[PDB]
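Trainee: Please find final.tsv (TSV, C-alpha atoms) on the next line:
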chain	number	residue	atom	x	y	z
A	42	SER	CA	21.62	-15.81	0.91
A	43	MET	CA	21.83	-13.22	3.67
A	44	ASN	CA	18.28	-12.28	2.54
A	45	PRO	CA	15.18	-14.12	3.73
A	46	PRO	CA	12.31	-14.90	1.35
A	47	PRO	CA	10.08	-11.84	1.27
A	48	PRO	CA	6.94	-11.79	3.32
A	49	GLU	CA	3.83	-13.42	1.85
A	50	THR	CA	1.62	-10.87	0.05
A	51	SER	CA	-1.47	-12.81	-0.95
A	52	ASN	CA	-3.77	-15.28	0.80
A	53	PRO	CA	-5.36	-17.70	-1.68
A	54	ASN	CA	-7.96	-18.91	0.80
A	55	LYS	CA	-9.47	-15.76	2.35
A	56	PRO	CA	-12.65	-13.92	1.28
A	57	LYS	CA	-12.34	-10.53	-0.37
A	58	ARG	CA	-13.62	-8.04	2.12
A	59	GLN	CA	-13.06	-4.28	2.39
A	60	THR	CA	-13.54	-2.08	5.36
A	61	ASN	CA	-13.55	1.72	5.60
A	62	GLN	CA	-10.27	1.58	7.53
A	63	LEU	CA	-8.58	-0.79	5.02
A	64	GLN	CA	-9.74	1.47	2.18
A	65	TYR	CA	-8.26	4.46	4.03
A	66	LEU	CA	-5.02	2.61	4.71
A	67	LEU	CA	-4.50	1.96	0.97
A	68	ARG	CA	-5.99	5.03	-0.67
A	69	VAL	CA	-4.86	7.66	1.88
A	70	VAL	CA	-2.06	6.29	4.08
A	71	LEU	CA	-0.03	4.01	1.76
A	72	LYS	CA	-0.65	6.30	-1.22
A	73	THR	CA	0.64	9.36	0.68
A	74	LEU	CA	3.75	7.70	2.05
A	75	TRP	CA	4.55	5.90	-1.23
A	76	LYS	CA	4.82	9.12	-3.21
A	77	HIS	CA	6.90	10.95	-0.63
A	78	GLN	CA	10.41	11.95	-1.72
A	79	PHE	CA	11.88	9.89	1.19
A	80	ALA	CA	9.89	6.70	0.36
A	81	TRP	CA	12.53	4.93	-1.67
A	82	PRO	CA	14.52	3.15	1.08
A	83	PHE	CA	11.21	1.70	2.30
A	84	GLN	CA	9.62	0.63	-1.00
A	85	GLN	CA	11.14	-2.87	-0.96
A	86	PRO	CA	12.80	-5.29	1.50
A	87	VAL	CA	16.30	-4.37	2.62
A	88	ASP	CA	18.67	-6.17	0.20
A	89	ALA	CA	21.37	-7.13	2.71
A	90	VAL	CA	23.37	-8.93	0.00
A	91	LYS	CA	23.52	-5.95	-2.35
A	92	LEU	CA	24.12	-3.47	0.48
A	93	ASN	CA	26.53	-5.82	2.31
A	94	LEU	CA	24.70	-5.86	5.64
A	95	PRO	CA	25.51	-9.24	7.17
A	96	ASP	CA	23.95	-8.37	10.54
A	97	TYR	CA	20.71	-6.79	9.29
A	98	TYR	CA	18.63	-9.97	9.31
A	99	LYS	CA	20.35	-11.16	12.49
A	100	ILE	CA	19.09	-8.07	14.33
A	101	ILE	CA	15.74	-7.66	12.67
A	102	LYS	CA	13.33	-10.41	13.66
A	103	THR	CA	10.35	-9.36	11.51
A	104	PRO	CA	11.24	-7.90	8.10
A	105	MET	CA	8.74	-5.39	6.75
A	106	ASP	CA	8.61	-2.72	4.06
A	107	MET	CA	6.04	-0.63	2.15
A	108	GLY	CA	6.40	-2.69	-1.02
A	109	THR	CA	5.12	-5.67	0.94
A	110	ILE	CA	2.41	-3.55	2.62
A	111	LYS	CA	1.28	-2.16	-0.76
A	112	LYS	CA	1.01	-5.61	-2.32
A	113	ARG	CA	-0.81	-6.88	0.82
A	114	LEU	CA	-3.37	-4.05	0.57
A	115	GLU	CA	-3.78	-4.51	-3.21
A	116	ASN	CA	-4.29	-8.26	-2.73
A	117	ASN	CA	-6.67	-7.79	0.27
A	118	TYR	CA	-4.27	-9.89	2.32
A	119	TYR	CA	-5.27	-8.26	5.59
A	120	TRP	CA	-8.35	-9.34	7.46
A	121	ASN	CA	-8.34	-6.10	9.44
A	122	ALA	CA	-6.80	-2.70	9.54
A	123	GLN	CA	-4.86	-3.31	12.73
A	124	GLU	CA	-2.74	-5.95	10.99
A	125	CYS	CA	-1.74	-3.32	8.41
A	126	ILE	CA	-1.05	-0.62	10.99
A	127	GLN	CA	1.11	-3.25	12.84
A	128	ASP	CA	3.19	-3.78	9.67
A	129	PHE	CA	3.82	-0.08	9.31
A	130	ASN	CA	4.92	0.12	12.93
A	131	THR	CA	7.21	-2.89	12.47
A	132	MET	CA	8.82	-1.26	9.44
A	133	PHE	CA	9.63	1.90	11.40
A	134	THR	CA	10.84	-0.06	14.42
A	135	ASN	CA	13.26	-2.00	12.26
A	136	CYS	CA	14.77	1.19	10.95
A	137	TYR	CA	15.17	2.71	14.42
A	138	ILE	CA	16.69	-0.32	16.14
A	139	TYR	CA	19.24	-1.07	13.36
A	140	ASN	CA	20.37	2.31	12.05
A	141	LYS	CA	22.53	4.77	13.92
A	142	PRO	CA	20.46	7.61	15.39
A	143	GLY	CA	22.32	10.23	13.30
A	144	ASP	CA	21.85	8.41	9.94
A	145	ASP	CA	20.00	10.03	7.01
A	146	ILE	CA	17.80	6.98	6.83
A	147	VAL	CA	16.47	7.59	10.35
A	148	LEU	CA	15.62	11.18	9.39
A	149	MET	CA	13.76	9.82	6.34
A	150	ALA	CA	11.94	7.27	8.48
A	151	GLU	CA	10.93	10.03	10.98
A	152	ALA	CA	9.46	12.19	8.20
A	153	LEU	CA	7.41	9.28	6.94
A	154	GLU	CA	6.35	8.18	10.42
A	155	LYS	CA	5.12	11.72	11.25
A	156	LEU	CA	2.88	11.62	8.20
A	157	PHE	CA	1.76	8.09	9.02
A	158	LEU	CA	0.79	9.09	12.55
A	159	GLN	CA	-1.08	12.20	11.35
A	160	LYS	CA	-3.12	10.03	9.03
A	161	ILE	CA	-3.78	7.42	11.69
A	162	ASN	CA	-5.10	10.16	13.93
A	163	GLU	CA	-7.80	10.67	11.21
A	164	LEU	CA	-8.52	6.94	10.77
A	165	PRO	CA	-12.23	6.50	10.09
A	166	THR	CA	-14.32	4.63	12.67
A	167	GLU	CA	-14.72	0.88	11.96
A	168	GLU	CA	-18.44	1.09	11.14
Once you've parsed the file, please lay out its structure as structure tokens.
Mentor:
Amino acid sequence: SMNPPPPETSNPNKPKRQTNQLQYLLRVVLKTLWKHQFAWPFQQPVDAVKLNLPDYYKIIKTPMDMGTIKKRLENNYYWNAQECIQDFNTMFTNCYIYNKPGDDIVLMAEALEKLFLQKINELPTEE
């Protein structure tokens, strides 16, 4: 396949532990971005086979998408909020390094990233 196996979304050997920031990342950040009208290209891994993108996974070193992030948050996969914020940043970076700067998809990514960054600016303190 041109497509890699999707990222792992659950960790069978980690304790269940919430934090205020992880709660915020699921209930405010992911929830807001997921329902946005421009979410759909980002709700699942890029299907390079179906879209016929033979170079996508040659260019992108670290696949990431909001479907994966959502499942990770729901499964308490992350030990800390910074891991989750990292995944969001990776997802945006992938879009911006692969897609042509004039492409609709980049516009969609920018709208979502603006919202993401606004919410991160209101991230609760880790206490």
Trainee: Rank A:138, A:94, A:101, A:66 by their smallest atom-to-atom distance to residue A:113, using all atoms listed in the file, and report the top residue only.
Mentor: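 The shortest atom-to-atom distance to residue A:113 comes from A:66.
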Trainee: Give me the residues within 12 Å of residue A:166 as a ChimeraX atom specification, counting all atoms listed in the file and dropping any in the same chain fewer than 3 places off.
Mentor: /A:60-65,122,161-163
Trainee: Please produce a file of those selected residues containing C-alpha atoms, as a PDB file, keeping the file's coordinate frame.
Mentor:
ATOM      1  CA  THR A  60     -13.540  -2.080   5.360  1.00  0.00           C
ATOM      2  CA  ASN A  61     -13.550   1.720   5.600  1.00  0.00           C
ATOM      3  CA  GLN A  62     -10.270   1.580   7.530  1.00  0.00           C
ATOM      4  CA  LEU A  63      -8.580  -0.790   5.020  1.00  0.00           C
ATOM      5  CA  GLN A  64      -9.740   1.470   2.180  1.00  0.00           C
ATOM      6  CA  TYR A  65      -8.260   4.460   4.030  1.00  0.00           C
ATOM      7  CA  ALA A 122      -6.800  -2.700   9.540  1.00  0.00           C
ATOM      8  CA  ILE A 161      -3.780   7.420  11.690  1.00  0.00           C
ATOM      9  CA  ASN A 162      -5.100  10.160  13.930  1.00  0.00           C
ATOM     10  CA  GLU A 163      -7.800  10.670  11.210  1.00  0.00           C
TER      11      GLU A 163
END
Trainee: Can you tell me, as a PyMOL selection string, what residues are no more than 12 Å from residue A:125 when counting only C-alpha atoms, ignoring any on the same chain fewer than 6 positions away?
Mentor: chain A and resi 50+62-67+70-71+105-107+109-115+117-119+131-132+157+161
Trainee: Taking (22.5, -10.2, 12.9) in the file's coordinates as the center, which residues reach within 12 Å of it, counting only C-alpha atoms, put as a list in words?
Mentor: residues 43, 44, 89, 94, 95, 96, 97, 98, 99, 100, 101, 102, 138 and 139 of chain A
Trainee: Calculate how many Å separate atom CA of residue A:55 from atom CA of residue A:126, rounding to one decimal.
Mentor: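 Going from atom CA of residue A:55 over to atom CA of residue A:126 covers 19.4 Å.
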Trainee: Please measure the separation of atom CA of residue A:79 and atom CA of residue A:129, giving the value in Å to one decimal.
Mentor: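 Value for the atom CA of residue A:79-atom CA of residue A:129 distance: 15.2 Å.
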Trainee: Kindly indicate which residue among A:57, A:72, A:91, A:160 lies nearest to residue A:116, using all atoms listed in the file for the distances.
Mentor: A:57
Trainee: One number please: atom CA of residue A:154 to atom CA of residue A:130, in Å, one decimal.
Mentor: 8.6 Å
Trainee: Compare A:80, A:87, A:69, A:74 by their minimum atom-to-atom distance to residue A:156, counting only C-alpha atoms, and give me the closest one.
Mentor: A:74
Trainee: Tell me which of A:42, A:158, A:147, A:53 sits closest to residue A:82, counting only C-alpha atoms.
Mentor: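 Checking each candidate against residue A:82, we get A:147 as the closest.
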Trainee: Which of these, A:54, A:140, A:123, A:135, has the shortest distance to residue A:164 once you count only C-alpha atoms?
Mentor: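 For residue A:164, the nearest of the candidates is A:123.
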Trainee: Can you work out which one of A:68, A:88, A:75, A:155 has the shortest atom-to-atom distance to residue A:46, counting all atoms listed in the file?
Mentor: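 Among the listed residues, A:88 lies closest to residue A:46.
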Trainee: Reconstruct N, CA and C atoms of stretch 104-128 of chain A from the incomplete input and present them as a short mmCIF file (atom, residue, chain, number, x, y, z; two decimals), in the frame of the given file.
Mentor:
data_model
loop_
_atom_site.label_atom_id
_atom_site.label_comp_id
_atom_site.auth_asym_id
_atom_site.auth_seq_id
_atom_site.Cartn_x
_atom_site.Cartn_y
_atom_site.Cartn_z
N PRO A 104 11.09 -8.81 9.24
CA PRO A 104 11.24 -7.90 8.10
C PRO A 104 9.92 -7.30 7.68
N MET A 105 9.92 -6.01 7.37
CA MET A 105 8.74 -5.39 6.75
C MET A 105 9.12 -4.15 5.97
N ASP A 106 8.34 -3.84 4.95
CA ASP A 106 8.61 -2.72 4.06
C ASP A 106 7.30 -2.32 3.40
N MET A 107 7.28 -1.13 2.80
CA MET A 107 6.04 -0.63 2.15
C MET A 107 5.72 -1.35 0.85
N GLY A 108 6.72 -1.89 0.17
CA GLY A 108 6.40 -2.69 -1.02
C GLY A 108 5.50 -3.87 -0.65
N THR A 109 5.90 -4.56 0.40
CA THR A 109 5.12 -5.67 0.94
C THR A 109 3.73 -5.19 1.39
N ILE A 110 3.70 -4.07 2.12
CA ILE A 110 2.41 -3.55 2.62
C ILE A 110 1.47 -3.17 1.45
N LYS A 111 2.04 -2.53 0.44
CA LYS A 111 1.28 -2.16 -0.76
C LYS A 111 0.69 -3.36 -1.46
N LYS A 112 1.51 -4.39 -1.68
CA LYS A 112 1.01 -5.61 -2.32
C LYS A 112 -0.05 -6.29 -1.43
N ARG A 113 0.17 -6.31 -0.11
CA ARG A 113 -0.81 -6.88 0.82
C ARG A 113 -2.15 -6.15 0.70
N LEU A 114 -2.12 -4.83 0.68
CA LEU A 114 -3.37 -4.05 0.57
C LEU A 114 -4.03 -4.29 -0.79
N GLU A 115 -3.23 -4.27 -1.86
CA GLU A 115 -3.78 -4.51 -3.21
C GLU A 115 -4.36 -5.90 -3.35
N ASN A 116 -3.79 -6.90 -2.67
CA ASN A 116 -4.29 -8.26 -2.73
C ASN A 116 -5.35 -8.58 -1.66
N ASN A 117 -5.72 -7.58 -0.85
CA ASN A 117 -6.67 -7.79 0.27
C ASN A 117 -6.20 -8.90 1.22
N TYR A 118 -4.89 -8.92 1.45
CA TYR A 118 -4.27 -9.89 2.32
C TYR A 118 -4.71 -9.74 3.77
N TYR A 119 -4.91 -8.51 4.20
CA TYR A 119 -5.27 -8.26 5.59
C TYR A 119 -6.74 -8.49 5.88
N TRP A 120 -7.00 -9.21 6.96
CA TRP A 120 -8.35 -9.34 7.46
C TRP A 120 -8.84 -8.09 8.16
N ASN A 121 -7.94 -7.30 8.76
CA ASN A 121 -8.34 -6.10 9.44
C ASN A 121 -7.25 -5.07 9.37
N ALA A 122 -7.68 -3.84 9.60
CA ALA A 122 -6.80 -2.70 9.54
C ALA A 122 -5.68 -2.74 10.56
N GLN A 123 -5.91 -3.30 11.73
CA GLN A 123 -4.86 -3.31 12.73
C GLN A 123 -3.66 -4.13 12.32
N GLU A 124 -3.86 -5.20 11.55
CA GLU A 124 -2.74 -5.95 10.99
C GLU A 124 -1.84 -5.07 10.10
N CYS A 125 -2.46 -4.22 9.31
CA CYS A 125 -1.74 -3.32 8.41
C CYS A 125 -0.99 -2.24 9.18
N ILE A 126 -1.67 -1.62 10.14
CA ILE A 126 -1.05 -0.62 10.99
C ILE A 126 0.16 -1.28 11.72
N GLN A 127 -0.02 -2.49 12.22
CA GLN A 127 1.11 -3.25 12.84
C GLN A 127 2.32 -3.35 11.90
N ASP A 128 2.10 -3.66 10.63
CA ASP A 128 3.19 -3.78 9.67
C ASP A 128 3.91 -2.46 9.47
#
